[PDB]
Amino acid sequence: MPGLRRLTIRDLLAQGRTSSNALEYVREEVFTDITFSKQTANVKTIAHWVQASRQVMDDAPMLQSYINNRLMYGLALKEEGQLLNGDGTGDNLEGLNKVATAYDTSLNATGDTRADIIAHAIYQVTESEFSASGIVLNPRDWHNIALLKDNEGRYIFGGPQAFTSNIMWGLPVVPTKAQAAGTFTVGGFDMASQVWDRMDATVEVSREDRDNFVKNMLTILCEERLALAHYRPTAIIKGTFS
Amino acid sequence: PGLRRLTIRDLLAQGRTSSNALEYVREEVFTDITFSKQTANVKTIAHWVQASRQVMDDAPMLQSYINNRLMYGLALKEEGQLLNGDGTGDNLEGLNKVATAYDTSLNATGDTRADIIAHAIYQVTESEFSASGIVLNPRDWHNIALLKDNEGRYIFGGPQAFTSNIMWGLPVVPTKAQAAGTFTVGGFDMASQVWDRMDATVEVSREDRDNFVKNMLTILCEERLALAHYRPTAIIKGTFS
Amino acid sequence: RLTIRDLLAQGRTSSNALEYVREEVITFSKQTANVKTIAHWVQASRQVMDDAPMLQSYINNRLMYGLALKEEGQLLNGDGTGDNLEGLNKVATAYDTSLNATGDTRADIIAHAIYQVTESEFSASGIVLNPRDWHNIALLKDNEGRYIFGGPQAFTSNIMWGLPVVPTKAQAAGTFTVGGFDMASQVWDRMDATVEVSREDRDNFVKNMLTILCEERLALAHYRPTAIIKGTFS
Amino acid sequence: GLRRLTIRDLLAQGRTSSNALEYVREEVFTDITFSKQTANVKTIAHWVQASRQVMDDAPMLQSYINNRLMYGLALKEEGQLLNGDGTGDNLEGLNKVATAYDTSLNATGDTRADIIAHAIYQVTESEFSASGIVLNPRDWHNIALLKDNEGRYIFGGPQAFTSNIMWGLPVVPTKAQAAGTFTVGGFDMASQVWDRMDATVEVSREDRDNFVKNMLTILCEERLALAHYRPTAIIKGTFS
Amino acid sequence: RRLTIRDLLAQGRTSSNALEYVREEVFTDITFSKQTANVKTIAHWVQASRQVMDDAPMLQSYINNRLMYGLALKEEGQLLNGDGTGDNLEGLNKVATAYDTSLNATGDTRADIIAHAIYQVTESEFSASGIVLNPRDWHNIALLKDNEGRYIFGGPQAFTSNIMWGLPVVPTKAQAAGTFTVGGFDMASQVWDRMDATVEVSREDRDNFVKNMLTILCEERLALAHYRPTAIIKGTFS
Amino acid sequence: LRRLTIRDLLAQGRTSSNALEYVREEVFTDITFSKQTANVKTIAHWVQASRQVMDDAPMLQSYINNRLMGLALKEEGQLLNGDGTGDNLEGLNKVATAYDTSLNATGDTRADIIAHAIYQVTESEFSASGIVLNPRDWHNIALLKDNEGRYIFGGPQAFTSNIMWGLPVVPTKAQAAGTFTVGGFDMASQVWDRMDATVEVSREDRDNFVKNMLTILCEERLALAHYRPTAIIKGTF
Amino acid sequence: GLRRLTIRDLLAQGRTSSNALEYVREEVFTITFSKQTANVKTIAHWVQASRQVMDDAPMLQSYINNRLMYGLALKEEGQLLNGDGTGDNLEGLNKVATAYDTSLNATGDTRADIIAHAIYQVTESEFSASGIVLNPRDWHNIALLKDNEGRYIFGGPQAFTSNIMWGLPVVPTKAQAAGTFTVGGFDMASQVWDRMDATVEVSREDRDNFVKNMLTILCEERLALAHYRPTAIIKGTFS
């Protein structure tokens with residue numbers, strides 16, 4: 001099974017299990033009364049594959065190492081990028097940043113810091129009757145945020161005790177390289193989106209592939225099928241730092 | 001359902017009932033104290049959504065998420081009724097209608113929106129109670145928590161103040177039920193109470209209105225609630241400049 | 001004469017969605033088709049619930065037919081957006097006007113379309129016209145005063161060049177759709193038609209009435225858009 | 001909800017088993033002399049008359065008497081302890097024995113909060129140090145929200161008003177205290193409150209015209225006395 | 001109600017009239033002087049009418065709500081600053097090291113001075129174990145800002161629970177306003193006590209016989225031992 | 001171990017053979033494939049003590065562990081810039097892409113060069129996940145002071161935290177001064193452990209018999225596999 | 001006392017049963033080996049009391065041991081820090097410490113920047129700094145460095161308590177002379193071997209105790225100090 005020593009984007013979202021090629025649902029639109037709308041989520045597949053030598057790998061304990069440290073790791077890093085930046089066209093999921101709501105750049109005044117913009121965004125999330133539960137950042141941006149002062153020796157956030165992923169103002173932070181530099185995504189992901197797992201990550205070996213029989217190598221493939229549903233896109237705010 | 005904030009239900013005291021009306025004595029303070037005979041009727045609060053048929057009928061795990069999503073909105077409807085629901089009809093006669101106007105003479109020159117909240121925290125004492133909660137529109141709470149004087153100093157600490165909703169040791173309740181520019185502060189724990197007749201329940205109807213045609217499905221979530229106001233002069237409602 | 005459902009291929013399915021490959025001629029592309037719902041409802045008197053045979057006679061004679069008439073307008077003129085399903089005219093190839101002769105009549109444009117259907121290596125199998133256009137096609141005669149192919153005695157059915165015509169009010173006036181539907185498109189039925197009676201629906205309770213509903217769930221895949229050609233004769 | 005400290009919490013507590021209580025009072029003047037005094041256990045009563053249909057539910061009436069009626073009894077016991085004329089069935093309150101504020105100490109540009117400082121100083125003239133203060137909510141609100149030419153608060157702010165503490169000394173804002181009148185003094189040393197009977201409740205249906213009008217009367221009764229051992233340790237005053 | 005000066009110091013029972021100890025003296029090496037502490041007596045007397053005392057629980061109310069309370073409040077003020085003249089005890093503020101005036105800075109706040117004193121305690125090879133403040137000065141300190149809305153220390157309730165920099169604080173009216181006292185009390189002093197508080201009624205003192213009065217005396221015997229006067233810094237808020 | 005080493009910054013893996021064959025994908029800045037083999041090789045660190053130390057027993061063991069597992073510093077010098085030919089394995093600096101000097105400027109300092117290198121890591125379709133450089137260079141970068149800017153007083157907290165641009169920094173004497181190395185080490189390269197470290201004491205080694213001394217030797221074996229050398233970039237300031 | 005961290009806590013412990021230990025010192029060029037020997041030395045602290053304190057029995061035996069062990073600990077800390085190693089002395093960490101590289105300093109450096117440069121300079125021995133040793137006054141003046149901008153280098157006066165500098169433990173002690181600091185990886189560079197624990201002996205005749213009815217209480221311990229890599233220890237003085 002997979003697993004990383006860090007909070008992942010799918011941990012922020014709600015988890016469900018589905019047994020169909022698609023599922024329909026209702027999207028709550030709020031005007032800043034709520035008007036409902038019909039939506040559908042299609043179960044799409046994310047895969048990661050690597051080429052490998054034949055004999056050393058099917059006759060050694062270097063296979064568990066090879067799929068654990070390359071395949072599951074890459075597959076996780078790929079689903080994390082899909083859930084956050086998917087397009088929704090073809091085999092692409094529709095990511096949080098695709099449906100997210102534009103940050104309102106009228107909430108920031110002269111002299112604002114990054115903490116002020118984070119506060120403005122945690123606000124703008126509240127305009128959906130939902131409470132912000134998670135933040136998604138770039139590791140560079142998260143490092144800059146965790147370590148800044150307040151025109152005084154005092155020390156907002158916790159720096160190198162809270163910078164270690166950890167939390168910020170009570171909300172979990174996911175610092176991920178999938179997130180562009182200078183871009184933040186705040187929201188109540190707990191009750192604004194949901195990932196439905198059709199099939200768990202499965203691994204398979206292809207001896208026969210695109211001229212693999214004559215090249216003396218295998219292809220190892222790890223794949224998983226899931227869908228992403230966005231109940232209230234107004235609960236997600238995607239913004240850019242100054 | 002609360003989602004890491006206090007609900008207007010949390011400011012009031014709570015109890016159980018077993019009838020549709022039980023009535024009580026209202027302490028009418030004059031600005032000694034007189035008494036009134038008042039009756040509180042058990043009204044019904046309902047939140048409904050018209051979804052499709054395909055969304056609902058599925059495995060038990062696929063039916064629970066919408067049930068929780070609906071129990072969530074029921075709580076917001078309950079707050080909307082508790083805060084400002086007029087007496088006429090099946091509404092609940094909420095606090096803002098029973099509250100007392102805000103004495104505008106208290107204002108000093110050069111005040112800010114927080115100064116008016118301080119004045120309203122005072123005025124609650126004229127009922128012989130103490131303020132135990134503010135109710136603000138999220139816009140107003142946000143605009144207050146990030147205020148500053150001529151000097152580069154925040155009144156309420158930092159932007160961390162907007163989160164962890166509290167003003168001078170008094171819980172702040174930011175809710176969409178409160179209209180922009182209107183504030184409501186008072187000793188809720190002693191000036192009001194909520195009597196619960198029935199808990200939340202969910203029902204599904206295919207034949208409602210025209211749902212049988214166009215294959216719709218109305219999901220309804222109901223609770224039964226009465227609101228007893230024991231001292232209207234403890235709750236103060238006002239508007240911002 | 002029959003239904004657009006009879007022109008297309010038919011399959012069964014057991015899923016909410018449908019994945020397939022659209023062979024744009026031969027390349028390939030992945031396409032999806034979600035199952036949608038089509039319903040037809042009729043107002044009736046309370047007296048049908050008794051005398052069960054009358055209810056069955058009404059249902060099979062007149063209810064199962066209106067549902068097909070209603071799904072014609074969806075299978076033909078759809079969008080695929082929302083609760084609609086993609087229609088033959090939406091996934092269609094514009095009729096080539098270069099095939100037009102100097103003074104060819106409306107019965108020759110259809111022959112040109114029938115030939116154009118073959119440019120996808122698939123032979124045409126059906127025509128779809130508007131009732132008024134079909135009416136005018138069978139009665140335009142000529143200057144001499146003879147029906148070009150008509151004549152009351154010399155008429156078989158809604159047929160033209162040996163292909164079914166299927167006139168439907170769903171088709172707009174001025175538009176025609178010629179295609180080899182039997183091997184280029186396929187309707188996948190999620191479940192067969194179901195009938196349900198409601199007495200509470202709207203004010204049926206007070207007014208002593210009934211609503212009979214007939215529902216069906218289906219999608220449709222368009223493997224070869226090039227086989228279906230949509231034209232608009234001047 | 002115990003969101004504030006009462007006058008009783010400001011005083012020494014004591015229990016008794018007699019209907020009168022005699023003590024001695026120190027008479028320190030501007031050494032000490034001892035004069036014998038006595039205090040008679042008085043009765044404090046608070047009553048509310050409710051419709052006769054409020055007893056149909058035992059738990060709800062029980063709750064009302066438990067947490068809504070006793071509060072009124074205590075809050076009027078405050079009004080008796082703080083200021084009682086002594087004559088009749090009114091126990092002798094802190095305002096009856098309190099010493100007058102020495103107006104000589106007032107300066108020209110004397111702020112309203114400085115007079116409390118002068119009173120705290122005058123409390124030291126009885127070889128006691130001032131305990132918490134008692135004053136009206138309006139005056140406490142004005143004191144804690146003083147503003148200079150600019151908007152900066154001098155020594156209070158609404159955080160002070162909600163905390164009921166100035167200069168480390170507890171503050172009791174009560175409606176019983178009149179507006180403009182303040183009372184400082186070493187209440188823990190000077191005076192004490194003696195309890196005879198814990199509060200009791202009584203329901204009467206025939207009281208007054210409660211029979212022809214559908215209502216009851218609920219009565220809460222308490223027995224206590226107030227013993228002042230050093231009136232010079234308590235100071236009245238009025239703002240100007 | 002709160003921790004007292006007796007709680008900051010180190011306890012211990014004596015069964016004699018006086019005891020000798022060694023004072024460790026530090027230069028601003030460690031020398032040793034010879035000192036003695038004599039068991040002194042602290043008493044508080046309240047005289048009340050003899051009538052009800054002898055048949056009621058009114059006696060208990062005098063004993064603990066009127067006498068033990070005053071005796072504790074007077075013991076705490078004797079421990080802080082006595083004089084050693086007669087029955088006076090030796091006071092912490094009498095035996096204390098003057099706060100270094102030169103240690104201050106231009107913009108130092110009322111907490112920077114406490115930091116300076118917490119340092120100065122370390123010139124005796126010990127560390128601060130507590131602070132003794134006037135309630136007014138503690139109320140003022142606990143509500144200080146930092147050139148920003150941010151509050152140093154904590155909130156007004158319980159005055160931040162009477163703890164600054166992690167060190168318990170004793171707010172007492174005995175401490176003069178504007179004077180502070182830090183130091184390693186638990187290690188630099190001891191409160192050797194001979195006899196616990198006892199209560200006695202006279203019925204004969206002075207002219208109580210003719211005037212119909214009792215007198216109730218509550219008294220205790222204890223000594224205070226000082227080991228390092230350099231581990232106790234007494235200073236003034238400038 | 002107050003910092004994370006290069007091993008903690010690559011992929012970890014286990015092998016039970018004296019050599020392993022792997023497919024290295026090569027990127028044209030299309031992706032092609034090459035067959036490659038990595039040979040398990042021994043890393044060894046020795047220190048010579050004096051005799052009669054075996055009687056120290058429990059404390060000797062403490063010396064044996066603490067001051068030997070020394071070997072970790074030599075293994076990383078092998079992993080980073082091993083010559084590749086001989087009895088030493090192929091290092092990260094051996095198969096690494098030369099820094100693109102066209103990304104520089106006139107006044108660019110030294111952290112901007114690392115930013116440019118991180119940018120150039122993306123041409124492999126990977127992303128930088130670490131930086132390796134000299135402790136002197138890291139000290140100069142972290143404590144860099146500019147009179148005009150607000151970055152004055154340096155970053156002693158940054159220097160002690162070992163984090164730059166949000167990525168880990170590895171200051172080691174293994175890497176020569178003036179040279180830097182960035183890249184997606186967690187994807188491109190993997191360390192395959194064959195056998196764990198063992199300790200061997202020799203009395204006859206060289207002159208140990210004459211000179212009344214011992215030789216303690218700690219040795220382990222392992223291989224290094226590089227899947228995408230284009231991910232790694234090595235340059236000089 | 002346990003309200004502060006002692007120098008013995010920065011180094012490594014270990015027991016020895018002999019009066020001499022042989023070890024190998026690792027010289028690093030900025031690695032060769034030397035062979036050195038550590039001799040078990042004796043550290044003794046004595047307090048001069050009166051004879052009347054003896055008559056109180058537990059008030060002396062059960063209360064003065066607390067202060068006596070404290071004094072012994074402080075004296076041991078001082079000797080470990082700056083013992084000269086000549087004539088029954090320990091080998092002071094300041095004696096083997098490497099001189100601070102003054103060239104590391106820039107223009108505009110405060111006293112904490114020099115400590116940062118010293119924290120760097122330890123790395124040239126392939127070790128990482130484990131602790132700092134300062135004078136209490138120097139630590140006070142560092143933790144309260146009111147920057148010219150008008151902001152504290154550290155959090156505030158809170159910094160002085162809970163002695164920590166950039167995650168490194170700071171040991172303030174009167175043993176370190178004012179103006180002198182020592183950074184290093186003490187948990188690896190050196191260690192302390194304990195031969196026998198502290199023991200207490202009482203003398204009535206030492207010097208003129210008999211004449212002046214005094215007493216001398218002497219607590220003594222025996223230990224050796226072994227340095228393995230002096231380059232890991234950097235000693236310097238503040239400008």
# chains A, B, ... in the order shown; residues from 1 in each chain; ligands from 1

$ interface_residues --of "chain G" --to "chain E" --cutoff "7 Å" --atoms "only C-alpha atoms" --output "list in words"
residues 3, 48, 49, 52, 53, 140, 157 and 158 of chain G

$ residues_around --residues "range 16-31 of chain D" --least-positions-apart "2" --cutoff "9 Å" --atoms "only C-alpha atoms" --output "PyMOL selection string"
(chain D and resi 14+33-42+125-127+194-197+224-225+227-232) or (chain E and resi 47-52+55-58+61+213)

$ write_last_selection --atoms "C-alpha atoms" --output "compact mmCIF listing (two decimals), in the first residue's frame"
# COMPACT_ATOMS: atom_id res chain seq x y z
CA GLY D 14 -19.93 33.82 58.64
CA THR D 33 -11.88 52.48 71.03
CA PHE D 34 -14.37 49.61 71.26
CA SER D 35 -18.15 50.10 71.30
CA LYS D 36 -20.64 47.26 71.67
CA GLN D 37 -23.06 46.89 68.75
CA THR D 38 -25.80 44.43 67.82
CA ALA D 39 -27.34 43.23 64.57
CA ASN D 40 -30.71 41.51 64.27
CA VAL D 41 -31.17 38.72 61.74
CA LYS D 42 -33.37 40.26 59.06
CA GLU D 125 -6.33 56.20 57.71
CA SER D 126 -7.98 53.30 59.59
CA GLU D 127 -4.83 51.12 59.42
CA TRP D 194 -23.80 36.39 59.00
CA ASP D 195 -26.17 33.71 57.68
CA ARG D 196 -28.99 32.23 59.76
CA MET D 197 -31.13 30.28 57.26
CA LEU D 224 -29.07 37.12 57.53
CA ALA D 225 -27.41 40.05 59.29
CA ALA D 227 -21.84 43.16 61.18
CA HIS D 228 -19.67 46.26 60.63
CA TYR D 229 -16.53 46.12 62.76
CA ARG D 230 -14.82 49.31 61.52
CA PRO D 231 -16.94 51.92 59.72
CA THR D 232 -13.82 54.07 59.22
CA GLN E 47 -11.92 40.82 70.93
CA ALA E 48 -15.66 40.26 70.63
CA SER E 49 -18.62 40.10 72.99
CA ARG E 50 -18.51 37.03 75.21
CA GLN E 51 -22.19 36.26 74.86
CA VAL E 52 -22.69 34.31 71.63
CA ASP E 55 -22.75 28.49 72.50
CA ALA E 56 -22.63 28.95 68.72
CA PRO E 57 -20.63 28.14 65.59
CA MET E 58 -20.05 31.90 65.56
CA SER E 61 -16.45 32.13 62.06
CA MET E 213 -15.94 41.30 76.60

$ residues_around --residues "residue 67 in chain F" --least-positions-apart "6" --cutoff "12 Å" --atoms "only C-alpha atoms" --output "JSON, numbers by chain"
{"F": [1, 45, 46, 47, 49, 59, 60, 61, 73, 216, 217, 218], "G": [24, 25, 26, 126, 127, 187, 188, 189, 190, 228, 229]}

$ select_by_dssp --residues "range 74-177 of chain G" --states "strand (DSSP E)" --output "list in words"
residues 98, 99, 131, 132, 133, 134, 164, 165, 168, 169, 170, 171 and 172 of chain G

$ interface_residues --of "chain A" --to "chain G" --cutoff "7 Å" --atoms "only C-alpha atoms" --output "JSON, numbers by chain"
{"A": [151, 152, 153, 154, 155]}

$ residues_around --residues "residue 229 in chain B" --least-positions-apart "5" --cutoff "9 Å" --atoms "only C-alpha atoms" --output "list in words"
residues 24, 26, 38, 40, 94, 95, 98, 191, 192, 193 and 194 of chain B

$ closest_residue --among "B:116, B:217, B:204, B:25" --to "residue 49 in chain D" --atoms "only C-alpha atoms"
B:25

$ closest_residue --among "G:107, G:98, G:128, G:17" --to "residue 173 in chain F" --atoms "only C-alpha atoms"
G:128

$ closest_residue --among "G:145, G:133, G:104, G:90" --to "residue 169 in chain G" --atoms "only C-alpha atoms"
G:133

$ closest_residue --among "A:99, A:181, A:201, A:23" --to "chain F" --atoms "only C-alpha atoms"
A:181

$ interface_residues --of "chain B" --to "chain A" --cutoff "7 Å" --atoms "only C-alpha atoms" --output "PyMOL selection string"
chain B and resi 3+51+54-55+142+159-160+176

$ interface_residues --of "chain C" --to "chain A" --cutoff "8 Å" --atoms "only C-alpha atoms" --output "ChimeraX atom specification"
/C:15-18,30-31,82
